[PDB]
Each structure stands twice: as C-alpha cells, then as structure tokens.
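Following: one structure in structure tokens, then a few remarks.
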Amino acid sequence: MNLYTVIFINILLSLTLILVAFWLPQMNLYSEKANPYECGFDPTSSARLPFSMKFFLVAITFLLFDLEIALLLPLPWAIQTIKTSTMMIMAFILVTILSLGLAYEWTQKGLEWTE
Amino acid sequence: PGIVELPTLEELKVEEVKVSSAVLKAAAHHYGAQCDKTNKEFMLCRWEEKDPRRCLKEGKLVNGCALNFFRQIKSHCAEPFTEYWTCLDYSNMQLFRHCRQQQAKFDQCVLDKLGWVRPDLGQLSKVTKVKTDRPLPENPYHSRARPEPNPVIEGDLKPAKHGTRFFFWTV
Amino acid sequence: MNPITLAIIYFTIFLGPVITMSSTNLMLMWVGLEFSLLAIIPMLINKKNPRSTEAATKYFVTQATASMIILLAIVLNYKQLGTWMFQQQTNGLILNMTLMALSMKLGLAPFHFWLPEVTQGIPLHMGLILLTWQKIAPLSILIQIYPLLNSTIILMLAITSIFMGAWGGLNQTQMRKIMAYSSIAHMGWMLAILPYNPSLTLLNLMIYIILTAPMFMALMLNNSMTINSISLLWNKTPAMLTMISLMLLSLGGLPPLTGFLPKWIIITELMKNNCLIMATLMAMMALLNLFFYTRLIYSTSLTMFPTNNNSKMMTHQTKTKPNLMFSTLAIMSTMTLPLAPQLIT
Amino acid sequence: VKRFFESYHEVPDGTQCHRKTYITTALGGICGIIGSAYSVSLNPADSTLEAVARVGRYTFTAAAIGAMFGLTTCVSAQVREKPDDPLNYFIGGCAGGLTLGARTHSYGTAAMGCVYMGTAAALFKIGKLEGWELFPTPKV
Amino acid sequence: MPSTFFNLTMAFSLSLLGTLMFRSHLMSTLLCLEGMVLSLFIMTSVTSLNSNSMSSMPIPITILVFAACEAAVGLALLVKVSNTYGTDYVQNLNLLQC
Amino acid sequence: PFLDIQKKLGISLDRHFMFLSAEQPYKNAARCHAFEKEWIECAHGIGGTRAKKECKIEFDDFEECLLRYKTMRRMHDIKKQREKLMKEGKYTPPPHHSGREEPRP
Amino acid sequence: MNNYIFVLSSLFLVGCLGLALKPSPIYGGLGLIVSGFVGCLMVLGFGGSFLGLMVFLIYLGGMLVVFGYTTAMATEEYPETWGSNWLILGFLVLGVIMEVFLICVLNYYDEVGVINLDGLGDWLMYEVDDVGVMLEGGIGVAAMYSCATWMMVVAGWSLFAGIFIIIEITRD
Amino acid sequence: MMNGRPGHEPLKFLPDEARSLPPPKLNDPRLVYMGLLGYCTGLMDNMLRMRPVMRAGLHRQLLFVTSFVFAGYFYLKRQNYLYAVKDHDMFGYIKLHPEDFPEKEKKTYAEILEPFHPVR
C-alpha cells in the first residue's frame, strides 16, 4: 500500500509540474514556431521514413542474451541447495555455452556492424 | 456429504501465553531445551494424525508447559530476561548477535539458578525420537479400499493358431 | 554453412522430434516442437531467394500460431487438473483445441493452405525433410492421446484433408506441390485411422515415408521440379522410369504394391468400427489421388516427351548421385505386400 | 440447433410439412452462411457491398435449395402415403438439384445436381431408416 | 482467481484473434504473438502460485525462453523480408501461389 | 510417452514433476497434495477406463479441492442469504464478524 | 482492495485488445509494455515477485528491440494509431462495451461461474503457509538448477541453437 | 493396443517369453522372399548406377542379400512373438470371462426351417 502511495505521489507531482509548465507561461505559437527543427532549413523528407539499423544482429543476440540473464538470475537461491555439485556443474555449463555462443558470433563477425 | 465435526469454543478455551515474539525469541533456546518432550509429542501427533482436532489435549499441554516455563523465569530471573528481550526487541530482525552481553547475563542467571544450559549449535535442529502411548493411526488419509488390479493372465506362450490368420495368408 | 552450424542445426532438427517422442511432460513435448520449428527455419531459408524467404515466413507464422494454441491447451489442462498430461478427464474443449492446433502444425485441410506454398520455393531435400521428418512429432503427440480425441471432428478433418489433397494434386503441375497434396491426402488417412488404431497410423506413416523418400531422391537426381522436367527423364536417367512408375502406383494404392496395404488395412479397421460411408468416400478420393499419379506416370514413363539438344552433353557427362539407400527404399516400398501380416501388428 | 435438427425427426414424414420445410431451410441457410464466409475469406470481393451481396446470394441459393428439398420430400410423402420411402428423398434431392441449376442458370448443373443430391438424400434416408453411424465412437 | 483467469483467457483469445486477422504489418503480427505469449505466462504463473507448485515454477521461465527464441527468429525473418521488398508487407509476401 | 527411453534407461528427465503431489522444493506441500495422492493411489494399476469409472470419488474430491466450485457456491449462498436478511433487517452480525472481538495468538 | 486484481485483469484485457487491434508497432509495443507491467502487477498480487519482475524485464528488452526494428523497417510515413481510423476506434469502444456486457451477463445469468461480483476478492489467495521460511517463488526457479536439469539444458540449448540460427538466417 | 499389457518391458525387441516360441525355419517363404528382395535391390542398384546388372558388385549383392535375410529373420521372430502373445491374451481373457462367451448350441438341419427361394 505504501509503495503504491509513493508511486501515486510521484505521478501526481510530475503531472502537477508538467501541468503548471503548460498553463503558467504566456502562449504565442504560429507556424514557423512549431515547424520541426532541421538546423535552420526545411526538412527534405519526413522523419517517419525507414531508418536503417546496422546492429540488428546484435539486437537479436541481445534478446537471446537477456533470456540467458533471466536463466542465470535464480542463482542466489540456487546456491542454497543441498546438491551444490549439480548446481555448480549446471551453472558452469550454462555460462560456458553462453560464452561459446558469444565467441562464435565474434568469430563469424556478427558483432561487427553492417556497412 | 456428511457434516464436519469440529469442537466448540469451550473445548478450544485455554490460558494463552500473552507473550510477544521478541520475548519468545529471547526465551527460545531454553524453551526448546526444557519443554522439548511435550512439544515433540504434539508435533508427532500432528504429523501422524493430520487432523488438528485430534491433538487439542497435546496443544493444551504445550501451552501449560510454556506457561510453567515463563512462570519459572518470572519467579527467578526476571530482570536480566526483561532487559534481554528489550534489547532483542529493539532490533528489526531481533538478531541475537546485537545483544550478547544481555544474553550472557541471562544465561549466567539461568545457569547458576535452575541449572539450565543453553543448547549448542545444531542441537535443537535434529530429529529426535519420542515415546508416546497414543496409538499409530492406521489410515491417516481416511482412504477407501483400493480397487483390485486386472486379473493378469498366466500360462505358456504357445504359437499363434494357423499362423497370423490375416485373410488368405497361410502362415 | 560451415560444418559447425551444420552440425548444430541438423542435431537440433533431429533432437526436436526425439525430445517430443521421449517426453512424458506436455511442456517438454511442446519445447521439442519449438526445437523442430526453430531448427528447420534456417535450412528452409538457406537458398536466400524471395520464394524461400516467403516460404520460411509463412511456415514460421503458421507453426508459431499453432504452437501457441498448443500451449494454451497445455496451460488450460494444467489449470483444470494440476498435471502436465491430458490424463482422462481433461476438457473436451482443451482436447479439440489440441487436435486443431496439431492438425494445423501437420498441414491437413482445411489448415492445409500453407503446405503446397511452403513446399514450393524450398529445395527438394528440404521438402523431403519437411514432408517426412516434421510430421512424426505431431503424430506422436496425437497418438499419445488417442482415446481422448473426438471422432467426429477427427473424421471431418480427415475427409476434408483427403478431398482437398485429391483436388490439389489433380490441379498442380509443380512436383513439390504435387508431393505436398499427396502428403495432405496421406495425413488425412492417418488421422482417419488415428482414434481407432494408432498402430495403423504408424504403419501408414512408415509406408508414406518409405514411399516419399525415394520419390524425392529421384527428383533430386536432376532437380526436376516440373512435369516436363520429370518427363524428359528418359534421356537423362532411363533406368529409373520403372521404379518411378512402381513408386507412383504404390502411392496410388494399387495392388499388388505395398502402398495398397495402408489404405486396405485402414479401410478394414473402419469397417470393423462401422464407418462405411467415411471409408467409401475416402476410397473414392484416393482413386482421384491415383488419377493424378497416373497422369504423372503417363508424362514421365509410358510416353516419351521431346528432349533437348544439350541433353546429349548431359549424357556425355557421368553422374554418381543416386545413393545406396535409394534402391532399398524403392524395393521396400514396391514389393512388400506379401509381408503384410509382418508389416501389421 | 441440435435439438432443432432432432425435432426434424420427431415426427414421421408426410406430417408437419411446414415444420420440416422450415427446418430444412434453416439448415440450408446455415450451410450457405458457412460457404459464403469461406468464399469471401479465400476470394475476397472488391468491396464490402459486393462482398455482402455475394454472401446474400449464396445464403439465399442454399436456403432455396433446402426449402425446395424439404417441401418436395414432405409433399411426395403425403401424396404417396409412404413416409419410409427413399424415393421421396430422391425426388426431394432432385428438386434441390433443379433449384441449384435454376439459381446457377445451367441445365447441365441442374441435371448433375438432381442426380447427385437425389442419390445423397436417398442414402441419408436409408441410413436414418437402418441405423447407420456417420461418426461412430471407437468400439474395437 | 476464476474471474482473473477468465480475463486472461479472453486476453489470449483477443491476441490470437489479432494474429489470425492480419493487417499490413508483419511486425504487428509478431507483437500479437508476443501478447499471446504474455497471456500464457501470466496464466501459468498465477496457476503455479495458486496451487503452490514450486516444482512447476520453472515452466513459465522455460515458456519465456522458447518464446523469445521464436521472437528472435521472427525478427530475423522480418529482416530478410525487408531486405527483399523494402517493407514488411504480407501483401508483398504473396508470390508463392504459382 | 510415445517412446519409453526414460523408462528403459531408468532415468527421470521429466517424470518427477508431473503433478502437484510430486517432489517439491524444501518439502513445501502443494495444494491438494493429499487429494492428488489418493487419486493416483486409486488409479494406479487398473488402467484409464477403470480409473475413470471407479476412482470417480477420489477424482471428484481432488477436483473440488483444486477448483473449489462447490465451496464458492456454498459461500455465495451463505453471503446472499445474509445480505437478504440484512435487507429485511431480521438479522444482525455478531461482534466478532463485525470487527470488534477478543483476539487470540 | 478486493477488486484490485479484477481491475488489473481488465486493464490487461484492454491492452491485449489494443495490441490485437494493431496500431503502428510503436504503439503496439507501448501497449505490450503496459500489458507486461500489468501482468507483473497481477503476478505480484497473486504471489511471488520474481516471475512478475522477470517477465517485466524480459518484455522491456524485447519491446526495446521491437522499437528499434519498427523504426528500422516496419514503419510508414503516417503511423497508424487507434484514433487515426474510425473503424479501429469504433472496434476499440465496441470491444470495451462488449467486455462490460459480457461481465454483466456472467454476473447475472451464470451466477457463480467464472465471474462473481459478490464473490470477487474472496478467492484470490486460497491457502498460504502462515508460518514458514523458503516459500517465495524464486526458489522453484532456483530448483531448476537442481531438480530440473533437463529443463535447464533444453533452455540453454535453445538459446545456443538460437544464436546459430539467427546468424545463419541473417547471414545473407 | 497391446502396449499397456502387464509385464510389458519398454522398448524391448525380443523379450524372454519369445524364447518359448519356435524359431523361423530359416528356409521359409518369408525369408526366401526377403533374400530375393535383397538380390533385386542389388540388381536395381547396379542398373541405376549404370553398372552391369548381375556381374558387377558381387560383394555388394551378397551384403544386400545377407542383410535382408538377417533383418527379416529377427523381425519375423518378433512378429511371431507378437502374434503369439496376442492369441495368448485373447484366450486368457475368454477363459477369464466365460459368461460373455457362451457356447451356443448349433441345431442340426432337421429342426431349423430355411425358407426356400425357387429359381424359375
């Protein structure tokens, strides 16, 4: 209840700040005021156009690695087990497999950016 | 189905220990050393007979043993125990390691009087046998009769009669 | 593909159905299905053409949706019964969703619309791997829950599978599409015999696999993707016309080929369970399947289509392509009808 | 609709002809709705107007086929005093095939539909008379 | 719990309906797949927490792992589709009919 | 399973967490452990059909424990009757159900 | 404090409804993030925090990669939100109305079926160990290291083979 | 249907009860046909590899025939065991439930009246 209360207090504080920031100062807006910024000239094309991504393979690898992190995260409770040999072997296997995948991608130039 | 049979408030009435958790944790090891037999009898009856209504007498005996234990402490070692559970109650976890001088003085008092010895590390946490006259429940799960298995067929494995008997195949 | 990634991908392709068949837990069967799908996608898209990309995309989204429905059925069963197996009293809605999702994974009608398209645009060996290996694990899952399934929905799926497979095979000229509609019809037969006797499902699956493998190998000899391409086979490999004809007739279920045996014993078991109308309709649509097989035979073997001038140079060259396992599978799929009591259990 | 189609068979043929025609029209309309949904999903129209026009045309065609089937079957049963006769269902199925041919504007389609649907309806009447199981539960 | 489980089942049904009813964006289809995954995770997790099945608590994590592998492969296929056509349009992915 | 490699080799890759009454971490019993144990003990060795026919009592008790449909119906009936009696005013709550009571440890 | 879980479930349903309605994938990822946060709150209310925080973190990373991808290649000049189309906004409000109508129908007609408003907030936590250590939800996921090593190895091989698979797909 | 029988060893090819069965005679038409299929496989393999059909690859043809006969013998023994245990289970169930399998008394052709249908 207390955490929910303080989250709501933060929400109310930030909403109050942005509300007073939008309703306190004098408004004077026209077309050139609200045109988008392109260092003084008109934009040649819209910014909603496709914008090429040179680290897409690294992003997919980040998805897989983040799930490897999710697998590795119950370790502070796993170290309390009776059969610590099995836990230690399984954790070693998991981290070694993750490292081998990273090494294979590094060898196959997947970490390098395209073009 | 049938109605559930549970005891009344008069059967559930007992002299409860109006004692805080810090006080209980201060007196924990000596309560586990002195009132061990009644407590182990109650745990044995609870883990044998799963029904809690079959162990009300043992629970009342446990409460009586705890009351006698605390009355003995109040009779003989009131002030060191009082300051000990106060210093325990200050901590949020009631950690034993924060108050060791008060623990030492309370242990000295309950050693020179009453002859009580604090249990060592690993003694209260081991499985102990216990003698009781309460009979072992033969059917604790109130299980019905298990259905009989299929009548397994025995005999020598003779060959198939007239081959496979698959349409016109002779063998 | 370097041998490291070849070993990883092929081992995971192998490991998927193996985990699915060996797994007691529904969740482990599901992750075996996930293994099979994820591992088989890169070999589908391995040629890196637009058709292969489209085929991989369609296969991925279809199998992902069907696997999500499977996972829904598993989670609902775990909610209802607290266990990880459809034991005996799981809900009929859960079982029907399981059947429907597994039929979409298998590729039988009316969930069959992707299978000729996925089979097109991929290389012939990947079509073989798909149409033989990828159906074993869903069939194993269906076989494990055979007494729980709904005969009405299964029979409807089977009869529409055989109908749509017969009509699609009748229309198509592309060899991969023809083999895919053949797969749809045979999967219809297997599903039809599934609730009554899964041993006959396994028998029909094994007969279909040992008939489909050498047909795909014979296609792989010259990369003949078309009726015309397989029609000029007399100039390229004249010694394969008889085995092509015999295997196509066995796929048609003509006696005395061993491919008549699965349809025959499935019809016999359906007659034992009094589904004569379904058996007769399935047999007539199997006759239609045999018709498009016979048209294929007319194109490749009994007549002789005109050849090209460069086929002379192809006859100048020599080939070592047909492997040792081709002839064994062709003979075992052609001349094994007298061993029918041994083939059945 | 299960008890609806079961209430089709609660009365012998040649009786409650209006009820039988209503039930058969409802069944034909349901089948036409399903077929029209499949048609507009696999082969979509150019716009929603012609899509719902195709849906309405298919539904009306199948409903007319079912209505003519039930009406002619019950009428033939009434006029021949033979409720348990597959020839009544053959006549009704041929009438439904003629309705299909009239809707599709093709005499050849009318004849083919007459023969095929009459055979199917005669087989259905034989099955309901002699206890055939279309989707039997596994017994052996 | 039963109202919550019904709402989660309806959420899965809506996400499956979105997956089955395509729009122009394959990325939106993959997002609908991920929504189905999320509904499955929440159903499995609340079932395990309600039944106190700590032995079955690794199952939702396994679901997340394999589903994230599915999403990864879907993103790679979307990369290939965009390299082929310039967009992720399922109307562009149509030339395998003949 | 379709293939019994686990039973042939004697290993248990996934057979030890197939239900609620299976092996649990730190001996934390799941809900309806006793009911599921009774159901499995009944159903073992007689087959699926005989288990469905003859262990219906154990299965129904296990299902009622797991889903608590009849418990919800009973509690809803009690609360609906109580609120109806409150609406017609011929019933008052006791103090220990209305918030002021004598607590016990 | 009784209908808190039901309010969360309704918000999850609305987020999944928007995701099904398929706006531009930026807004789809936003709706999926909100749905993941709501599901994390639902798992938090029903029990252990570890599963909810795990799915929250996983979906934060996932929708981050999805946002990068939809700015890369799955974008358009005028991105489509729920309010840009009258049909999509109409389907949104119609789905909200249908949800309210369905929960009212299940409240009235079906009585105690799946939804009971009087019984709402009574059947959230069924049974809890009142006295007890080692009860939190992360301990089972830790027991995957010991009790389910087969689960551990199939998950690890899935990630490893997935690395090889994505390299081979995007090899080009 | 026979996989759930009592005493069923899992993934066992030839259990010890099969040792009670008489083995195949080793010169019987099923194994002779298996060897014929192996020889035909060798000949077809030679013809597809564009070798002489019969006088080429004698070791290969011998290996084909030998492997076909070997696999056919062991598979035939397994199938004989399966049919034998099927008949054993059937007879045992019939003996266990005799009231569901009554011995019907077939009357002679002097008390039954078959209707006569004249062909004329």
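All residue names refer to the structure tokens as shown: chains lettered A, B, ... in order, residues numbered from 1 in each chain, ligands numbered from 1 in order.
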Pick out the residues sitting within 8 Å of residue 228 in chain C, and hand them over as a ChimeraX atom specification; count only C-alpha atoms, and ignore anything fewer than 4 positions along from it in its own chain. /C:232,299-300,305
Alpha helix (DSSP H) residues, from DSSP on the backbone, in chain D, as a ChimeraX atom specification: /D:2-8,17-42,48-80,86-104,107-129
Rank G:104, G:115, G:163, G:92 by their smallest atom-to-atom distance to chain E, using only C-alpha atoms, and report the top residue only.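 Among the listed residues, G:115 lies closest to chain E.
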Distance filter 6 Å, only C-alpha atoms, chain C against chain F, as a ChimeraX atom specification: /C:21-24,83-84,140
Select all residues from chain C having any atom no more than 12 Å from an atom of chain B (counting only C-alpha atoms, ignoring ligands), output as a list in words.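 Going by the stated atoms only, the list reads residues 264, 265, 268, 337, 338, 339, 340, 341, 342, 343, 344 and 345 of chain C.
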Now that the selection is made, can you save its residues with N, CA, C and O atoms as a PDB file, in the first residue's frame?
```pdb
ATOM      1  N   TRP C 264      -5.804 -50.330 -47.431  1.00  0.00           N
ATOM      2  CA  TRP C 264      -6.583 -51.548 -47.239  1.00  0.00           C
ATOM      3  C   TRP C 264      -6.837 -51.825 -45.761  1.00  0.00           C
ATOM      4  O   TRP C 264      -7.977 -52.079 -45.356  1.00  0.00           O
ATOM      5  N   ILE C 265      -5.795 -51.751 -44.934  1.00  0.00           N
ATOM      6  CA  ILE C 265      -5.982 -52.100 -43.532  1.00  0.00           C
ATOM      7  C   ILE C 265      -6.709 -50.985 -42.784  1.00  0.00           C
ATOM      8  O   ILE C 265      -7.460 -51.255 -41.836  1.00  0.00           O
ATOM      9  N   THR C 268     -10.237 -51.594 -43.567  1.00  0.00           N
ATOM     10  CA  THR C 268     -10.686 -52.755 -42.800  1.00  0.00           C
ATOM     11  C   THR C 268     -11.012 -52.386 -41.356  1.00  0.00           C
ATOM     12  O   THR C 268     -12.042 -52.809 -40.817  1.00  0.00           O
ATOM     13  N   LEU C 337       4.107 -56.282 -50.345  1.00  0.00           N
ATOM     14  CA  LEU C 337       2.752 -56.701 -49.989  1.00  0.00           C
ATOM     15  C   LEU C 337       2.644 -58.118 -49.415  1.00  0.00           C
ATOM     16  O   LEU C 337       1.859 -58.293 -48.468  1.00  0.00           O
ATOM     17  N   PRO C 338       3.342 -59.155 -49.912  1.00  0.00           N
ATOM     18  CA  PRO C 338       3.207 -60.478 -49.273  1.00  0.00           C
ATOM     19  C   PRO C 338       3.669 -60.542 -47.825  1.00  0.00           C
ATOM     20  O   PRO C 338       3.313 -61.496 -47.125  1.00  0.00           O
ATOM     21  N   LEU C 339       4.441 -59.567 -47.351  1.00  0.00           N
ATOM     22  CA  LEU C 339       4.812 -59.486 -45.944  1.00  0.00           C
ATOM     23  C   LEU C 339       3.857 -58.618 -45.135  1.00  0.00           C
ATOM     24  O   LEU C 339       4.254 -58.063 -44.103  1.00  0.00           O
ATOM     25  N   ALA C 340       2.609 -58.483 -45.590  1.00  0.00           N
ATOM     26  CA  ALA C 340       1.625 -57.665 -44.885  1.00  0.00           C
ATOM     27  C   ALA C 340       1.325 -58.091 -43.447  1.00  0.00           C
ATOM     28  O   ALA C 340       1.182 -57.190 -42.600  1.00  0.00           O
ATOM     29  N   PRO C 341       1.168 -59.382 -43.096  1.00  0.00           N
ATOM     30  CA  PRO C 341       0.979 -59.703 -41.672  1.00  0.00           C
ATOM     31  C   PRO C 341       2.161 -59.325 -40.805  1.00  0.00           C
ATOM     32  O   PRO C 341       1.981 -59.050 -39.613  1.00  0.00           O
ATOM     33  N   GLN C 342       3.367 -59.307 -41.366  1.00  0.00           N
ATOM     34  CA  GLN C 342       4.524 -58.838 -40.619  1.00  0.00           C
ATOM     35  C   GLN C 342       4.556 -57.318 -40.535  1.00  0.00           C
ATOM     36  O   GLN C 342       5.022 -56.767 -39.532  1.00  0.00           O
ATOM     37  N   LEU C 343       4.070 -56.632 -41.571  1.00  0.00           N
ATOM     38  CA  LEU C 343       4.040 -55.176 -41.542  1.00  0.00           C
ATOM     39  C   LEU C 343       2.979 -54.649 -40.587  1.00  0.00           C
ATOM     40  O   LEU C 343       3.137 -53.557 -40.034  1.00  0.00           O
ATOM     41  N   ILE C 344       1.903 -55.395 -40.376  1.00  0.00           N
ATOM     42  CA  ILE C 344       0.904 -55.025 -39.395  1.00  0.00           C
ATOM     43  C   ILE C 344       1.210 -55.750 -38.091  1.00  0.00           C
ATOM     44  O   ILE C 344       2.011 -56.679 -38.043  1.00  0.00           O
ATOM     45  N   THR C 345       0.580 -55.308 -37.011  1.00  0.00           N
ATOM     46  CA  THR C 345       0.817 -55.909 -35.706  1.00  0.00           C
ATOM     47  C   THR C 345      -0.469 -56.489 -35.126  1.00  0.00           C
ATOM     48  O   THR C 345      -0.446 -57.511 -34.441  1.00  0.00           O
TER      49      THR C 345
END
```
